Amino acid sequence: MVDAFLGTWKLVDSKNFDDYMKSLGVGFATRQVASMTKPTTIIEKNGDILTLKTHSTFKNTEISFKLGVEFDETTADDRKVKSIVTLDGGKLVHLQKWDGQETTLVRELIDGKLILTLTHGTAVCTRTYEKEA
Ligand SMILES: CC/C=C\C/C=C\C/C=C\C/C=C\C/C=C\CCCC(=O)O
């Protein structure tokens, strides 16, 4: 079910990421670097466990999780959140909860590209990733 998401992906398009970061309270200087960074996302599976790495020149993250099982996460911007990832309509849906807030990170495969939609408050950011061979 998750296999078409697996592999190494590089950022090729971003829309409204500054809006998303600002909604989360990220400071100007961090927004400014993040607007010029092109991360690599690596998604791998070992049995039921998925590991999602995000690498860049500015910040790295790594999470491991089982679909449908809550996990603690410390985000790139240092939020301590309660997270869960599932599959819904073929999309990989990641929900983060903290301080009564929520944000969703939804990944959809369209014509072999990985589209990441980030929503917080009213802000909606769309980032497009293409697969590395
Ligand atoms: C490790 C993330 C990689 C590059 C972006 C650069 C800096 C992160 C700092 C602030 C961004 C704020 C929010 C973090 C939450 C989600 C961003 C995920 C973006 C993505 O995977 O393309």
# chains A, B, ... in the order shown; residues from 1 in each chain; ligands from 1
>>> residues_around(residues="residue 96 (chain A)", least_positions_apart="4", cutoff="10 Å", atoms="only C-alpha atoms", output="list in words")
residues 70, 71, 72, 73, 75, 79, 80, 81, 82, 83, 84, 85, 101, 102, 103, 104 and 105 of chain A
>>> write_last_selection(atoms="C-alpha atoms", output="compact mmCIF listing (two decimals), in the first residue's frame")
# COMPACT_ATOMS: atom_id res chain seq x y z
CA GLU A 70 0.67 7.59 17.38
CA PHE A 71 4.29 8.69 17.91
CA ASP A 72 6.07 11.62 19.52
CA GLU A 73 7.81 13.96 17.07
CA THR A 75 9.57 18.98 14.14
CA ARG A 79 7.50 21.84 17.97
CA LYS A 80 6.91 18.83 20.26
CA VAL A 81 3.88 17.16 18.71
CA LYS A 82 1.76 14.03 18.85
CA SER A 83 1.73 12.53 15.34
CA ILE A 84 -0.03 9.82 13.40
CA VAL A 85 0.35 8.81 9.75
CA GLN A 101 -3.42 23.05 17.32
CA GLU A 102 -3.24 20.77 14.34
CA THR A 103 -1.38 20.70 11.06
CA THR A 104 -1.59 18.17 8.26
CA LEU A 105 1.11 17.04 5.85
>>> residues_near_ligand(ligand="ligand 1", cutoff="9 Å", atoms="only C-alpha atoms and all ligand atoms", output="number ranges by chain")
A: 10-11, 14, 17-18, 20-22, 24-27, 30-31, 33-41, 53-62, 75-79, 105, 116, 118, 126-129
>>> residues_around(residues="region 47-50 of chain A", least_positions_apart="3", cutoff="12 Å", atoms="only C-alpha atoms", output="list in words")
residues 1, 2, 3, 5, 6, 7, 42, 43, 44, 53, 62, 63, 64, 65, 66, 67, 68, 69, 71, 84, 85, 86 and 92 of chain A
>>> select_by_dssp(residues="chain A", states="helix (DSSP H, G or I)", output="PDB file with N, CA, C and O atoms, in the first residue's frame")
ATOM      1  N   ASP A   3       4.064   1.445  -1.074  1.00  0.00           N
ATOM      2  CA  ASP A   3       5.307   1.285  -1.835  1.00  0.00           C
ATOM      3  C   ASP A   3       5.542   2.350  -2.896  1.00  0.00           C
ATOM      4  O   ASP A   3       6.655   2.690  -3.168  1.00  0.00           O
ATOM      5  N   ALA A   4       4.515   2.947  -3.472  1.00  0.00           N
ATOM      6  CA  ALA A   4       4.859   3.931  -4.517  1.00  0.00           C
ATOM      7  C   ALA A   4       5.411   5.247  -3.933  1.00  0.00           C
ATOM      8  O   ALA A   4       5.920   6.060  -4.664  1.00  0.00           O
ATOM      9  N   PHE A   5       5.273   5.454  -2.600  1.00  0.00           N
ATOM     10  CA  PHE A   5       5.885   6.586  -1.943  1.00  0.00           C
ATOM     11  C   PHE A   5       7.357   6.381  -1.654  1.00  0.00           C
ATOM     12  O   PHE A   5       8.055   7.331  -1.291  1.00  0.00           O
ATOM     13  N   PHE A  17       4.979  28.317   0.898  1.00  0.00           N
ATOM     14  CA  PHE A  17       5.670  27.791   2.091  1.00  0.00           C
ATOM     15  C   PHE A  17       5.893  28.893   3.120  1.00  0.00           C
ATOM     16  O   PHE A  17       5.822  28.639   4.309  1.00  0.00           O
ATOM     17  N   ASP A  18       6.168  30.136   2.683  1.00  0.00           N
ATOM     18  CA  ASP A  18       6.316  31.198   3.648  1.00  0.00           C
ATOM     19  C   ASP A  18       5.019  31.397   4.448  1.00  0.00           C
ATOM     20  O   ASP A  18       5.073  31.558   5.677  1.00  0.00           O
ATOM     21  N   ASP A  19       3.880  31.354   3.792  1.00  0.00           N
ATOM     22  CA  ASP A  19       2.610  31.470   4.500  1.00  0.00           C
ATOM     23  C   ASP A  19       2.512  30.391   5.585  1.00  0.00           C
ATOM     24  O   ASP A  19       2.090  30.669   6.730  1.00  0.00           O
ATOM     25  N   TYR A  20       2.811  29.160   5.209  1.00  0.00           N
ATOM     26  CA  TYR A  20       2.712  28.035   6.149  1.00  0.00           C
ATOM     27  C   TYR A  20       3.647  28.240   7.346  1.00  0.00           C
ATOM     28  O   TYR A  20       3.227  28.113   8.514  1.00  0.00           O
ATOM     29  N   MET A  21       4.911  28.547   7.076  1.00  0.00           N
ATOM     30  CA  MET A  21       5.868  28.758   8.148  1.00  0.00           C
ATOM     31  C   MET A  21       5.451  29.928   9.053  1.00  0.00           C
ATOM     32  O   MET A  21       5.558  29.859  10.276  1.00  0.00           O
ATOM     33  N   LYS A  22       4.992  30.999   8.449  1.00  0.00           N
ATOM     34  CA  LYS A  22       4.603  32.148   9.259  1.00  0.00           C
ATOM     35  C   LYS A  22       3.421  31.794  10.151  1.00  0.00           C
ATOM     36  O   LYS A  22       3.362  32.236  11.303  1.00  0.00           O
ATOM     37  N   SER A  23       2.475  31.025   9.633  1.00  0.00           N
ATOM     38  CA  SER A  23       1.312  30.604  10.427  1.00  0.00           C
ATOM     39  C   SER A  23       1.753  29.794  11.671  1.00  0.00           C
ATOM     40  O   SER A  23       1.152  29.931  12.728  1.00  0.00           O
ATOM     41  N   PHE A  28      11.410  35.331  10.846  1.00  0.00           N
ATOM     42  CA  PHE A  28      11.709  35.769   9.476  1.00  0.00           C
ATOM     43  C   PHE A  28      12.968  35.107   8.942  1.00  0.00           C
ATOM     44  O   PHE A  28      12.978  34.796   7.766  1.00  0.00           O
ATOM     45  N   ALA A  29      14.017  35.053   9.752  1.00  0.00           N
ATOM     46  CA  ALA A  29      15.353  34.616   9.228  1.00  0.00           C
ATOM     47  C   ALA A  29      15.287  33.159   8.829  1.00  0.00           C
ATOM     48  O   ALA A  29      15.855  32.771   7.821  1.00  0.00           O
ATOM     49  N   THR A  30      14.595  32.345   9.618  1.00  0.00           N
ATOM     50  CA  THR A  30      14.429  30.932   9.265  1.00  0.00           C
ATOM     51  C   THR A  30      13.584  30.798   8.018  1.00  0.00           C
ATOM     52  O   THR A  30      13.889  29.979   7.155  1.00  0.00           O
ATOM     53  N   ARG A  31      12.471  31.531   7.964  1.00  0.00           N
ATOM     54  CA  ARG A  31      11.648  31.495   6.735  1.00  0.00           C
ATOM     55  C   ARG A  31      12.547  31.809   5.552  1.00  0.00           C
ATOM     56  O   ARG A  31      12.431  31.214   4.506  1.00  0.00           O
ATOM     57  N   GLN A  32      13.371  32.811   5.701  1.00  0.00           N
ATOM     58  CA  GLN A  32      14.143  33.351   4.558  1.00  0.00           C
ATOM     59  C   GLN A  32      15.050  32.249   3.999  1.00  0.00           C
ATOM     60  O   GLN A  32      15.087  31.970   2.778  1.00  0.00           O
ATOM     61  N   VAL A  33      15.788  31.526   4.836  1.00  0.00           N
ATOM     62  CA  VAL A  33      16.647  30.419   4.338  1.00  0.00           C
ATOM     63  C   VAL A  33      15.797  29.283   3.762  1.00  0.00           C
ATOM     64  O   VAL A  33      16.120  28.674   2.754  1.00  0.00           O
ATOM     65  N   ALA A  34      14.728  28.927   4.456  1.00  0.00           N
ATOM     66  CA  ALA A  34      13.886  27.793   4.039  1.00  0.00           C
ATOM     67  C   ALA A  34      13.297  28.087   2.651  1.00  0.00           C
ATOM     68  O   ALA A  34      13.065  27.133   1.891  1.00  0.00           O
TER      69      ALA A  34
END
>>> select_by_dssp(residues="chain A", states="strand (DSSP E)", output="ChimeraX atom specification")
/A:7-15,40-46,49-55,61-66,71-74,80-88,91-98,101-110,113-120,123-132
>>> closest_residue(among="A:115, A:52, A:87, A:93", to="residue 15 (chain A)", atoms="only C-alpha atoms")
A:115
>>> atom_distance(atom1="CA of residue 45 (chain A)", atom2="CA of residue 9 (chain A)")
14.9 Å
>>> closest_residue(among="A:109, A:119, A:114, A:131", to="residue 95 (chain A)", atoms="only C-alpha atoms")
A:119
